[PDB]
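Below is one structure, written out as structure tokens; the observations come after it.
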Amino acid sequence: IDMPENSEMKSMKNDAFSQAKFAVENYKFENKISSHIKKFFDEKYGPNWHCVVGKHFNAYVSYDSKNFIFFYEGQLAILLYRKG
Amino acid sequence: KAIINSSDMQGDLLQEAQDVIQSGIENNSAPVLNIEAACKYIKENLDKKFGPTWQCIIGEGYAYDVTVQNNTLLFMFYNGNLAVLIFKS
Amino acid sequence: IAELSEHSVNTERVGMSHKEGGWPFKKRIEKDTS
Amino acid sequence: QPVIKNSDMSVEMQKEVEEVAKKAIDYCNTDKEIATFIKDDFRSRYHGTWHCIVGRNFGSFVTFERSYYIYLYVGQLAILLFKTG
Amino acid sequence: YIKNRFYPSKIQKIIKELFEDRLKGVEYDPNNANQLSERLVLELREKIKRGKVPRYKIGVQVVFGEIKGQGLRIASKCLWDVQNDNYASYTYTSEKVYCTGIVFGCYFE
Amino acid sequence: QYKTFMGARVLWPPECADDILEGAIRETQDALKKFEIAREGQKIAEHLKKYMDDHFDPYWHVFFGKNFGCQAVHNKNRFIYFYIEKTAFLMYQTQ
Amino acid sequence: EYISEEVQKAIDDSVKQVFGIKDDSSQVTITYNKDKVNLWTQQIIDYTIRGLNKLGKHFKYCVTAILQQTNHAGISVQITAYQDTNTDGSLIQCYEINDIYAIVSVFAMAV
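Protein chains in written order, with the entry's author numbering: chain J, 10 to 93; chain I, 22 to 110; chain e, 53 to 66, 72 to 81, 95 to 104; chain H, 8 to 92; chain N, 24 to 132; chain K, 17 to 111; chain O, 7 to 117.
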């Protein structure tokens, strides 16, 4: 229902979905899921990212424009954004 | 001989629920069968298939009063007189 | 520059199933009552 | 005459189960009223969400919290109490 | 037998809060430095009085001075059965003064 | 053994420092009492971390709820862990 | 019945009297020397122990010294022991002039 945006070309938006869908099924604890997503995106694009996983939580962060992705993945909710 | 009595869920899961109760009948089809083993099988199968928090109940004369998630409830009857309720919570 | 660290957080988890068995007497020995 | 067949609670919470069951038997003749008595009693004394089924020919499969489950026979009634949420 | 125990960082708590709210960025005036220490040492002692340790004896110690082109080293040693007795230590330094406090704790027996 | 504090049950002794403690031990219930209700979620922790970053060191992390428990490594002596009316609060600062 | 602050004062007296000069030029005409470092270590230790036995205290001491050539390599000095609360303890000290990184570590115990 809610899909904050990022850069065009679907360079990172298409990536985050495909990665997080494997992450969620592969693990039970949020630790491995979020660490997997962040560790991958660090190698892939950026020096420092930030990822949050959970059923219910609210947040308010500073970040870099067009580098803030947020999506309701299944029953879970996954937030991600670059910072640093 | 499945006779569905009260439906709430989606027709696909309807079909699979019928198939699973049938398979449970065949798993326990003998005068020594117990409805409890078939109940274990139904609930565990619907767990490993469509997710946990399933609940299987079998009998012919009883009175339940339970809380169920929407589109996750079924109750039905058999020509063999087996009233079967299933629901997710 | 400044130093760094890794506060790796978790959640403490408590989950175990039993099998309820239907009826098969209040007194273990029926002969005592009989 | 309560007959515990499968319980998870501590001995005190079990004793409370059978005491509340005896009271519900003393007061309410209908199984629904008995089960609501027990369920509301435990949901009030503790906090969370309890569920109680009362029957005579009954099987199920449910998840439940740890040490928050009993299946027993008080007199000649099948009481299945548990806590989920 | 130690039901109520001492861990370092509630005295470390008290000592931090005390330091900021009492020092409030004071300069090192020579005529009142020793008496400033005398005041805040006793205030700290009062705080550990409610510090909720019945048998833990409290060896309060405090250092206060000014930093002026001045290298310094302060260290202590711990001398007890690690199961019961413990210590606590805090530092607090502004642009031109530094105040650091340590508090021992020894379970009486 | 989770000793009592004028604010709440705090794991005594903890791993943090008292301007942070007293600040949190007053600010958590001050925040919850003034105009805030348990019905709302992390718009509490929002103001909590904001208040902490305003006065105290800037990089904080707050986790509160009814079921959680953590190991980790952080800045020395920056660990607030206290229950209050069956609600665990955990806070830690990371450089 | 002592103070490690004064123990450190005595160590400082010893070291800064032996080699430390207020006027800072002879301290680099005296740079680290492969031939003279043996004399340095031995005489620093001997003068320090003479300062220590000037004290009539009945406590028992033991001493260790480290002399580093240059700051490029880096070093970590750490201490730990197992003794009695009231009277025992230890002491450390780091020292730098121009090109000599001295470190002293002393243990003081009862009896």
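Yeah, the Cβ is synthetic: ideal placement off N, Cα and C, and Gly gets one too.
- request: Drop a sphere of 10 angstroms on the beta-carbon of I:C77, count the other beta-carbons inside from all chains shown, and report buried for 16 or more, exposed for fewer.
  value: Along the second sequence, one-based indexing puts residue 77 of chain I at 56. In this structure I:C77 is buried. Its beta-carbon is surrounded by 16 or more other beta-carbon atoms within 10 angstroms.
- Task: With 9 angstroms as the C-beta to C-beta threshold (strictly closer), list the residues of the stretch 29-45 of chain K near chain N in chain order.
- Result: Cβ contacts with chain N: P29, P30, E31, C32, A33, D34, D35, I36, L37, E38 and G39.
- Message: Between the alpha carbons of I:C60 and H:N13, how many angstroms are there, rounded?
- Response: The sequence position of residue 60 of chain I within the second sequence is 39, counting from 1. The sequence position of residue 13 of chain H within the fourth sequence is 6, counting from 1. One alpha carbon belongs to I:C60, the other to H:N13, and they sit about 17 angstroms apart.
Do K:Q109 and K:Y75 come within 8 angstroms of each other at the CB atom, strictly closer than that value? In the sixth sequence, residue 75 of chain K corresponds to position 59, counting from 1. In the sixth sequence, residue 109 of chain K corresponds to position 93, counting from 1. Contact flag set, yes.
Check whether H:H58 and H:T37 have beta carbons under 8 angstroms apart: By one-based count along the fourth sequence, residue 58 of chain H stands at place 51. By one-based count along the fourth sequence, residue 37 of chain H stands at place 30. No, the pair does not count as a contact, with Cβ atoms beyond the cut-off.
**Prompt:** For K:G85, which residues in chain e fall below 8 angstroms Cβ to Cβ?
**Reply:** Here residue 85 of chain K corresponds to residue number 69 of the sixth sequence, with the count starting at 1. What K:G85 touches in chain e: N62, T63 and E64.
Check your understanding: Can I:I56 and H:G62 be called in contact, C-beta distance under 8 angstroms?
Key -> Indexing the second sequence from 1 puts residue 56 of chain I at position 35. Indexing the fourth sequence from 1 puts residue 62 of chain H at position 55. Note that the C-beta distance between I:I56 and H:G62 is not below 8 angstroms.
- Keeping to the same chain, check which residues put their C-beta closer than 6 angstroms to that of O:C100; ignore five residues upstream and five downstream. Position 94 of the seventh sequence, counting from 1, holds the residue named residue 100 of chain O. Shown here for O:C100: same chain residues with a beta carbon closer than 6 angstroms to its own, the five before and five after excluded, namely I109 in chain order.
When we look at the beta-carbon of O:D90 and count the other beta-carbons within 10 Å, is it buried (16 or more) or exposed? In the seventh sequence, the residue the question calls residue 90 of chain O occupies position 84. Counting C-beta atoms within 10 angstroms of its own C-beta, O:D90 has fewer than 16 neighbours from the protein chains shown and is therefore classed as exposed.
Among O:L97, O:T54, O:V34 and O:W46, which has the Cα closest to the Cα of O:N104?
-> Here residue 104 of chain O is taken as the residue at index 98 of the seventh sequence, counted from 1. Across the set O:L97, O:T54, O:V34 and O:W46, the C-alpha of O:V34 shows the shortest separation from the C-alpha of O:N104.
Original post:
Given a limit of 8 angstroms on CB to CB distance, which residues of the stretch 56-77 of chain K reach chain J?
Top reply: Within the stretch 56-77 of chain K, those residues whose Cβ lies closer than 8 angstroms to any Cβ of chain J are, in chain order, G57, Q58, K59, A61 and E62.
Below 8 angstroms, can you find three or more Cβ-Cβ pairs linking the stretch 20-33 of chain H to the stretch 73-89 of chain H?
Yes, they touch.
What do you reckon, are the CB atoms on J:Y69 and K:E43 nearer than 8 angstroms? Along the first sequence, one-based indexing puts residue 69 of chain J at 60. Along the sixth sequence, one-based indexing puts residue 43 of chain K at 27. No Cβ-Cβ contact shorter than 8 angstroms links J:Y69 with K:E43.
Whole-number beta carbon distance between K:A40 and K:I96, since they are thought to touch under 8 angstroms: Translated into positions along the sixth sequence, residue 96 of chain K becomes position 80. Translated into positions along the sixth sequence, residue 40 of chain K becomes position 24. Rounded, the Cβ-Cβ distance is 5 angstroms, consistent with contact.
From what residue to what residue does the alpha helix (DSSP H) around H:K46 run?
For this step, residue 46 of chain H is matched to residue 39 along the fourth sequence. Taken as a continuous stretch (DSSP letters only), the alpha helix (DSSP H) holding H:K46 covers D38 to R52.
- When you compare each of O:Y53, O:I81 and O:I98 to N:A98 by their alpha carbons, which one comes out closest? Within the fifth sequence, residue 98 of chain N is the residue found at index 75, counting from 1. Ranking the options by Cα distance to N:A98, first place goes to O:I98.
| Does the stretch 80-88 of chain J come within contact of the stretch 73-88 of chain I, defined as at least 3 CB pairs closer than 8 angstroms? | Result no; under three Cβ-Cβ pairs closer than 8 angstroms.
By alpha-carbon positions, which one of H:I60, H:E19 and H:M16 ends up nearest to H:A42?
Position 35 of the fourth sequence holds residue 42 of chain H. Its Cα nearest to that of H:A42, the residue H:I60 stands out among H:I60, H:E19 and H:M16.
**Asked** Tell me, which residues are paired with K:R25 by DSSP?
**Response** Mapped onto the sixth sequence, residue 25 of chain K falls at position 9. Answer is K:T20 and K:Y99.
I believe N:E66 touches N:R45 by the beta-carbon criterion, under 8 angstroms. Please report the beta-carbon distance rounded to the nearest angstrom.
For the purposes of this step, residue 66 of chain N is taken as residue 43 along the fifth sequence, with counting starting at 1. For the purposes of this step, residue 45 of chain N is taken as residue 22 along the fifth sequence, with counting starting at 1. Sure, about 7 angstroms apart at Cβ, within 8 angstroms.
Please return the same chain residues whose Cβ sits closer than 6 angstroms to the Cβ of H:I11, not counting the five positions on each side in sequence. In the fourth sequence, counting from the first residue as 1, residue 11 of chain H sits at position 4. Same-chain partners within the cutoff: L79.
*asked:* Is there a C-beta anywhere in chain H that falls below 8 angstroms from the one on e:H75?
replied: Within the third sequence, numbered from 1, the residue matching residue 75 of chain e stands at position 18. With 8 angstroms as the cut-off, e:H75 counts as an interface residue toward chain H.
- Query: Taking only beta-carbon atoms, is H:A31 less than 8 angstroms away from chain I?
  - Reply: The sequence position of residue 31 of chain H within the fourth sequence is 24, counting from 1. With 8 angstroms as the cut-off, H:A31 does not count as an interface residue toward chain I.
Proximity test, Cβ basis, 8 angstroms: e:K96 and chain H
Within the third sequence, numbered from 1, the residue matching residue 96 of chain e stands at position 26. With 8 angstroms as the cut-off, e:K96 counts as an interface residue toward chain H.
Integer Cβ distance of H:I77 from H:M16, believed to fall under 8 angstroms:
Sequence index remark: in the fourth sequence, residue 77 of chain H carries index 70 (1-based). Sequence index remark: in the fourth sequence, residue 16 of chain H carries index 9 (1-based). Indeed they touch by this definition, with Cβ atoms about 6 angstroms apart.
- Task: Give the residues of chain K in contact with residue 91 of chain e, contact being defined as C-beta atoms less than 8 angstroms apart.
- Result: There are no coordinates for residue 91 of chain e in this structure, because the numbering of chain e runs from 81 directly to 95.
Measure the CB-CB distance between N:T116 and N:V86 and report whether it falls below 8 angstroms.
In the fifth sequence, the residue the question calls residue 116 of chain N occupies position 93. In the fifth sequence, the residue the question calls residue 86 of chain N occupies position 63. No, the pair does not count as a contact, with Cβ atoms beyond the cut-off.
Simplified DSSP state of K:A104, which is helix, strand or coil: Working through the sixth sequence from its first residue, we reach residue 104 of chain K at position 88. It is a strand residue.
Contact under 8 angstroms by Cβ, K:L27 with K:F98
Locating residue 27 of chain K in the sixth sequence gives position 11, counting from the first residue. Locating residue 98 of chain K in the sixth sequence gives position 82, counting from the first residue. Yes, these two residues count as a Cβ contact at 8 angstroms.
Where J:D51 and J:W58 are concerned, what is the direct C-alpha to C-alpha distance, given to the nearest angstrom? As a working note, residue 51 of chain J is residue 42 in the first sequence. As a working note, residue 58 of chain J is residue 49 in the first sequence. About 7 angstroms.
Helix, strand or coil: which one does DSSP assign to e:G79? On the third sequence, residue 79 of chain e is found 22 positions in, with the first residue counted as 1. In the structure shown, e:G79 sits in coil (DSSP, three-state: anything other than H, G, I, E or B).
Option nearest K:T20 by Cα separation, candidates N:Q35, N:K47, N:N109 and N:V76
What you label residue 20 of chain K is simply residue 4 of the sixth sequence in a count that begins at 1. Put simply, of N:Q35, N:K47, N:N109 and N:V76 the residue whose alpha carbon is nearest the alpha carbon of K:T20 is N:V76.
Next item on the list: Name the residue from N:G128, N:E40 and N:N107 whose alpha carbon lies nearest to the alpha carbon of N:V83.
Entry: Within the fifth sequence, residue 83 of chain N is the residue found at index 60, counting from 1. Closest option to N:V83, Cα to Cα, is N:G128.
* **CB contact check: O:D94 to chain N, cutoff 8 angstroms** => The residue you call residue 94 of chain O lines up with position 88 of the seventh sequence. At least one beta carbon of chain N lies nearer than 8 angstroms to the beta carbon of O:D94.
Checklist entry - How many angstroms separate the CA atom of K:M107 from the CA atom of K:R94? => result By 1-based counting over the sixth sequence, the position of residue 107 of chain K is 91. By 1-based counting over the sixth sequence, the position of residue 94 of chain K is 78. Cα to Cα, the separation comes out at about 8 angstroms.
* Asked: Taking buried to mean at least 16 other C-beta atoms within 10 Å of its own C-beta, is J:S20 buried or exposed?
  -> By one-based count along the first sequence, residue 20 of chain J stands at place 11. Exposed, by the Cβ-count rule.
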